[PDB]
Amino acid sequence: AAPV
Amino acid sequence: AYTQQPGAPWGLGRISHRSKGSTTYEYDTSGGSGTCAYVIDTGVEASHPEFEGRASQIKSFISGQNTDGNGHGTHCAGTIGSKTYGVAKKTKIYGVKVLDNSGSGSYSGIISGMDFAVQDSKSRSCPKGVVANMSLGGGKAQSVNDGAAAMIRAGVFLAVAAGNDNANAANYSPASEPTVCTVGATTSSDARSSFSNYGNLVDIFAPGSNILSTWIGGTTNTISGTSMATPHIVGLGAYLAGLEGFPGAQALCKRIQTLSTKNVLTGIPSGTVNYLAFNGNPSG
Ligand SMILES: [Ca+2]
């Protein structure tokens with residue numbers, strides 16, 4: 001996941 | 001006890017009023033006090049003066065990175081409860097770093113972070129509620145939606161970012177989980193942010209473009225994204241829980257959708273709700  | 005904070009970031013003025021344009025953020029003094037908010041991100045810079053001692057970054061699932069050296073988690077924690085940029089100004093913030101500093105996290109490390117926050121929340125003093133923020137995302141993984149779903153099932157108001165893909169949220173996680181409060185992002189002219197994900201699975205919209213908040217290194221930064229709209233929601237909920245009482249984890253998302261300003265946004269496609277957060281301000 002990656003931060004948005 | 002409603003007070004008001006003048007010259008507040010547009011996003012806070014947008015949530016305590018039905019019509020856009022206000023720079024004053026009006027809210028009840030209790031300000032989500034007695035409530036706990038978990039920020040699952042790159043960590044939170046506790047030492048920051050905007051958190052007035054109410055933030056503590058307590059856990060990490062990233063090797064030898066026990067600090068937010070990215071910025072994301074601290075920016076999000078500032079919107080949840082920092083003195084000047086946050087919704088729930090009396091709330092207690094807890095950081096759980098599940099994304100390393102280059103901004104990457106394994107699903108395994110993320111699922112572990114969600115459980116840590118649930119198990120840890122019961123060792124903390126949160127008489128009026130525990131809320132949670134997940135301004136992160138990736139491709140759809142049932143494992144994640146399930147760990148997310150479990151948070152909901154344990155009584156934690158978990159809100160997650162819709163996504164920044166200008167696509168239907170159904171294809172990402174924690175976004176596609178029916179049970180969490182998924183958040184889309186809003187513009188100050190009341191338009192869906194060009195990048196905001198949408199779809200039946202998004203449960204609410206909140207300020208997501210040009211949001212000013214706390215940042216690492218003792219500063220503030222202004223960034224746009226559905227991760228900026230999410231802490232508006234996690235904070236809105238802590239606030240409603242410290243004021244009206246915790247109604248349940250899904251019930252709090254439901255309560256938020258009931259208070260929300262309707263059909264005032266543009267850019268919202270068919271099948272997607274036209275709900276914009278509102279904090280219930282009597283004189284709103
Ligand atoms: Ca959802």
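The figures that follow rest on heavy atoms only: side chains count, while hydrogens, waters and symmetry mates do not. Convention: sequence-line order gives letters A, B, ...; per-chain numbering from 1.
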Participant: Can you list, pair by pair, the side-chain donor-acceptor contacts under 3.5 Å of residues 227-240 of chain B, counting residues two or more places apart and other chains?
Facilitator:
residue	atom	partner	partner atom	Å
B:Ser227	OG	A:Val4	N	3.0
B:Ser227	OG	A:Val4	O	2.6
B:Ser227	OG	B:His72	NE2	3.2
B:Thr230	OG1	B:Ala161	N	3.3
B:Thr230	OG1	B:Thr226	O	2.8
B:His232	ND1	B:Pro207	O	3.1
B:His232	ND1	B:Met228	O	2.6
B:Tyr239	OH	B:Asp28	N	3.0

Participant: Find the distance between OG (B:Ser196) and CG (B:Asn164) and round it off to the nearest 0.5 Å.
Facilitator: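 Answer for the OG-CG pair, B:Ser196 versus B:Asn164, is 7.5 Å.
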Participant: What I want to check is whether the side chains of B:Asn133 and B:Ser135 have a donor and an acceptor closer together than 3.5 Å.
Facilitator: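 On atom types as modelled, these side chains qualify, holding a pair under 3.5 Å.
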Participant: Side chain of B:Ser60, backbone of B:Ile62: donor and acceptor closer than 3.5 Å?
Facilitator: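 Yes, the answer is positive, given that a donor and an acceptor are paired below the 3.5 Å cut-off.
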Participant: Give a yes or no answer on whether the side chain of B:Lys128 reaches the backbone of B:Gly32 with a donor-acceptor pair at less than 3.5 Å.
Facilitator: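 A pair under 3.5 Å: no.
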Participant: Please say yes or no: joined through hydrophobic side-chain contacts below 4.5 Å, possibly via intermediate residues, are B:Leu99 and B:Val44 part of one cluster?
Facilitator: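 Per the 4.5 Å side-chain linkage, B:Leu99 and B:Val44 are not co-clustered.
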Participant: Just checking, is any N or O donor in the side chain of B:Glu50 or B:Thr84 under 3.5 Å from an acceptor N or O on the other one?
Facilitator: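 Yes, B:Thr84 and B:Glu50 have a side-chain donor paired with an acceptor closer than 3.5 Å.
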Participant: Do B:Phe51 and B:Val87 belong to the same hydrophobic cluster, where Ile, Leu, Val, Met, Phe, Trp and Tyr are linked whenever their side-chain heavy atoms lie under 4.5 Å apart, directly or via other members?
Facilitator: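 Yes.
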Participant: For the CD atom of B:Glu45 and the CD1 atom of B:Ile93, what is their distance to the nearest 0.5 Å?
Facilitator: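 Those atoms lie 14.0 Å apart.
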Participant: So does B:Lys89 have more than 12 non-hydrogen atoms from other groups sitting under 6.0 Å from NZ?
Facilitator: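 Counting neighbours around NZ of B:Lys89, more than 12 heavy atoms of other residues, nucleotides or ligands fall under 6.0 Å, so yes.
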Participant: For side chain to side chain contact (heavy atoms under 4.5 Å, CB included), just list the numbers for B:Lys140 and B:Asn145, CA-CA rounded to whole Å, side-chain angles, deciding distance to a tenth of an Å, and then say yes or no.
Facilitator: CA-CA 8 Å; B:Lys140 166 75 112 48; B:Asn145 291 211; 3.8 Å; yes
Participant: Just verifying a value: how many Å separate B:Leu136 CG and B:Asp41 CG, rounded to the nearest 0.5 Å?
Facilitator: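 It comes to 6.5 Å.
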Participant: If the condition is ring pair (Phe, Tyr, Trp, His ring centres under 6.0 Å), which residues does B:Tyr27 pass it with, not counting sequence neighbours?
Facilitator: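 Partners of B:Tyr27 by the ring pair (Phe, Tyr, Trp, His ring centres under 6.0 Å) criterion, ordered by chain and then number, come out as B:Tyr25.
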Participant: Verify the cluster assignment for B:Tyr107 and B:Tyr172: are they in a single hydrophobic cluster under the rule of side-chain heavy atoms below 4.5 Å apart?
Facilitator: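 Not linked; separate clusters.
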Participant: Test of understanding: clusters of I, L, V, M, F, W, Y form through side-chain heavy atoms closer than 4.5 Å, transitively. Do B:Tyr85 and B:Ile216 belong to the same one?
Facilitator: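 Each belongs to a different hydrophobic cluster.
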Participant: If you compare all heavy atoms of B:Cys181 against all heavy atoms of B:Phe157, which two are closest, and at what distance to 0.1 Å?
Facilitator: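 Residues B:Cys181 and B:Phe157, closest heavy atoms: CB-CE1, 3.7 Å.
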Participant: Under the 3.5 angstrom rule, does the side chain of B:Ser82 hit a backbone N or O of B:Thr214 as a donor-acceptor pair?
Facilitator: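 Not confirmed, B:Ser82 side chain does not pair with B:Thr214 backbone.
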Participant: I need the minimum non-hydrogen distance between B:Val98 and B:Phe61, along with the two atoms involved.
Facilitator: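 Looking at all heavy atoms of both residues, the closest pair is CG1-CD1, 4.2 Å.
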Participant: Are a donor atom and an acceptor atom from the side chains of B:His17 and B:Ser22 found within less than 3.5 Å of each other?
Facilitator: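 Yes - a donor-acceptor pair under 3.5 Å links their side chains.
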Participant: May I ask you to test the B:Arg124-B:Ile58 pair for a side-chain heavy-atom distance under 4.5 Å?
Facilitator: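 In short, these two side chains touch, coming nearer than 4.5 Å.
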Participant: Go through the structure and list residues passing side-chain hydrogen bond (donor to acceptor under 3.5 Å, both in side chains) with B:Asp68, not counting sequence neighbours.
Facilitator: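 So B:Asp68 forms a side-chain hydrogen bond (donor to acceptor under 3.5 Å, both in side chains) with B:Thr42, B:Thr74.
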Participant: Would you check if B:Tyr2 and B:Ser283 make a side-chain contact, meaning some heavy-atom pair closer than 4.5 Å?
Facilitator: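 No, every pair of side-chain atoms sits at 4.5 Å or beyond.
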Participant: Let me see the working for B:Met151 and B:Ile40 under side chain to side chain contact (heavy atoms under 4.5 Å, CB included), right down to the final yes or no.
Facilitator: CA-CA 12 Å; B:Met151 278 200 96; B:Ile40 295 158; 4.2 Å; yes
Participant: Of the non-hydrogen atoms in B:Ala175 and B:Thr182, which two are nearest, and what is the gap between them?
Facilitator: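 B:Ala175 and B:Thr182 have their closest heavy atoms at O-OG1, 2.8 Å.
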Participant: Using every non-hydrogen atom in the two residues, find where B:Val118 and B:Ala154 come nearest and quote the distance to one decimal.
Facilitator: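 Shortest heavy-atom contact: CG1-CB, 3.5 Å.
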Participant: Tell me, do B:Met134 and B:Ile110 make a side-chain contact under 4.5 Å, heavy atoms counted?
Facilitator: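 Side-chain contact under 4.5 Å: yes.
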Participant: Same cluster for B:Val202 and B:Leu158 if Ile/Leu/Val/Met/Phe/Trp/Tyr side chains link at under 4.5 Å?
Facilitator: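 Hydrophobic grouping puts B:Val202 apart from B:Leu158.
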Participant: Backbone N or O of B:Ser209 within a donor-acceptor pair of the B:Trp10 side chain at under 3.5 Å?
Facilitator: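 Side chain of B:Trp10 to backbone of B:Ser209, a donor-acceptor pair under 3.5 Å: yes, one is there.
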Participant: Give a yes or no answer on whether the side chain of B:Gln257 reaches the backbone of B:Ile204 with a donor-acceptor pair at less than 3.5 Å.
Facilitator: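 Pair absent, no side-chain N/O of B:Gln257 close to backbone of B:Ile204.
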Participant: Say you draw a straight line from CH2 of B:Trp215 to NE2 of B:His48; how long is it, rounded to the nearest 0.5 Å?
Facilitator: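 Reported to 0.5 Å precision, the distance equals 12.0 Å.
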Participant: Which distance, rounded to the nearest 0.5 Å, do you find between the CD of B:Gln65 and the OG of B:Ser102?
Facilitator: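 Separation between the atoms: 7.5 Å.
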Participant: Does B:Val264 form a side chain to side chain contact (heavy atoms under 4.5 Å, CB included) with B:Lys20? I'd like the steps, not just the answer.
Facilitator: CA-CA 9 Å; B:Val264 181; B:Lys20 74 227 183 88; 5.6 Å; no
Participant: To check you understand the geometry: which heavy-atom pair defines the closest contact between B:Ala148 and B:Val180, and what is its length?
Facilitator: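 Closest approach of B:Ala148 to B:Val180: CB-CG1, 3.9 Å.
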Participant: I'd like to check B:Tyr38 versus B:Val156 (side-chain heavy atoms, cut-off strictly below 4.5 Å). Are they in contact?
Facilitator: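 No. Closest side-chain heavy atoms not under 4.5 Å.
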Participant: Which atom names give the shortest non-hydrogen contact between B:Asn221 and B:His75, and what distance separates them?
Facilitator: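 So the two residues come closest at O-NE2, 3.4 Å.
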Participant: Tabulate below the donor-acceptor pairs under 3.5 Å that side-chain atoms of residues 269-279 of chain B make, not counting sequence neighbours, or state none.
Facilitator:
residue	atom	partner	partner atom	Å
B:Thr272	OG1	B:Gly199	N	3.0
B:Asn279	OD1	B:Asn281	N	3.2
B:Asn279	ND2	B:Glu26	O	3.0

Participant: Cation-pi check, B:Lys92 to B:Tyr94: give yes when NZ or CZ is under 6.0 Å from the six-membered ring centre and within 45° of the ring axis, no otherwise.
Facilitator: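 Judged by the rule, B:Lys92 and B:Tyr94 form no cation-pi pair.
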Participant: Sorted by first residue and then second, give each salt bridge (charged side-chain N to carboxylate O under 4.0 Å, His left out) pair with at least one member in residues 171-195 of chain B; sequence neighbours left out.
Facilitator: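 Applying salt bridge (charged side-chain N to carboxylate O under 4.0 Å, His left out) to every pair that reaches into residues 171-195 of chain B, excluding sequence neighbours, yields B:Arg14-B:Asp190.
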Participant: Using distance only, find each side-chain donor-acceptor pair of residues 242-256 of chain B under 3.5 Å and give its atom names and separation, not counting sequence neighbours.
Facilitator:
residue	atom	partner	partner atom	Å
B:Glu244	OE1	B:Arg255	NE	2.9
B:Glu244	OE2	B:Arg255	NH2	2.7

Participant: How many angstroms lie between atom OG1 of B:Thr220 and atom CD1 of B:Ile223, to the nearest 0.5 angstrom?
Facilitator: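 Here the rounded value is 10.5 Å.
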